[PDB]
Structure formats: structure tokens, C-alpha cells
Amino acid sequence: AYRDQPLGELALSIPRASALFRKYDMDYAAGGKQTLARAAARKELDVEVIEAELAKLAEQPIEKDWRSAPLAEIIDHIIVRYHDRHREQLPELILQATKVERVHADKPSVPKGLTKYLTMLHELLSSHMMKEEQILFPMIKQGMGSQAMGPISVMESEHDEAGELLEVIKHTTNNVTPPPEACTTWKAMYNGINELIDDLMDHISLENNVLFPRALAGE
């Protein structure tokens, strides 16, 4: 019956379900309202297998369940756990990609364009996180979340843009899989990319699937 539940709710209730969905390239973050059934069908996946994997994960509860946590605590968590980390992650990745694209320019597997797309993502996240921290999050903390349809819709649109950039970054890097000739810096950079993707999806998931709907509902 997991297939009839939304991707977002599964990711938020089952430990490491997020990483399972990442493995299947299912967008539980911006597309978290869609059922696992619909997502698995769009990708021609055996949904029974996925339900078995989720059942194994669900043997234990999620260590921290944010679905019912105070919105102020969710906001403060987002800022430290995700916003502050993205601010450090992206500059480092941009410099690594520049070095990789230069040093391995001749090699056929080099992820040409990676720096460009990381820079685009960094520019988007920088302004985006500033708008949330300076406009939307204070509004929610003040209790005006029920009036935030406009601002939230803008943020969710920017989340979609970030999702599109993540898709290009994954394609450019053969789904963040380095070639055999990959140097240490190359492999380390891909590990950092996967960490960024993991974090940004959980980050967007927490906003799209918990903070924003609960704020709009007046919680």
C-alpha cells in the first residue's frame, strides 16, 4: 500500500527512503505530492520491489520526524543544516569543477559545462535563500503564514528551477558517476556533488512538503 502514499510523506516518515528515491531518480522534493505508484509508473519501475525496500527501511521510525515539529524549529534547522551548508558547498564545488574541466579538458569523459551549471545554481540559491531568510521565514515566524500564498508560490517556482539545474548537473556527470580515469579531485568532487544533491532535495522537501503547507494552513 506504500504505492498509494505521496512520495513526500514516505520520505518524511521512513528513514533513508530519501536515498532510495534518489537511487530511482524520483523527485520527492518538488514532486512530493505525487504517489509512489504514479512515480514508479512514469519510470516503468517494479513498484512491488520498491515497496519491499521501503518496508525494510520502515522497520525503524525516522530518527527525527519534522512533520509535526514547530515551524520555528523547522526554519532554524533549515538555516543551519541546509542554507549555511549550501553557502559553503557550492563555492568549493565551483572551484573543483573549474580545476577538473581544465586539467582533464582533453579527456572524453570530462564534465564540460559543470562549472557553468554549478555557478547558475549558486547564483539561484544565493538570492533564493536570502529571500526566504529575509521575507518568508520571518513572516511564518510572526504567524502570517496563512497569508503567504504568493511568496510561497514564488519560492516553489524557484525550487523547480533548482531542480532543473540538478537534472543538468546529473546528466553532465553521467549521473554523478566518475570514469575509471578519474583522479582524486575528480572523485572527491562527485562525492561533494552527490552530497549537495542529497542535501538540497531534503531541504526542498522539508519546505515544499512540511513548512509551506503547514504555514498556509495556519499552523
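The first residue of the shown sequence is 1; numbering continues from there.
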- prompt: Between 41-49 and 22-30, which has the larger average Cα B-factor in the PDB entry?
  reply: 41-49
task: Check the entry's C-alpha temperature factors for 101-109 and 78-86, then say which stretch has the higher mean.
output: 101-109
- prompt: Which third of the chain holds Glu161 when residues are ordered by C-alpha B factor: lowest, middle or highest?
  reply: lowest
field: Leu71, C-alpha B-factor rank within chain (lowest, middle or highest third)
entry: middle
message: Please place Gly218 in the lowest, middle or highest third of its chain according to the CA B-factor in the PDB entry.
response: highest
message: Where does the C-alpha B-factor of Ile94 rank in its chain, lowest, middle or highest third?
response: lowest
query: Which third of the chain holds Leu121 when residues are ordered by C-alpha B factor: lowest, middle or highest?
result: lowest
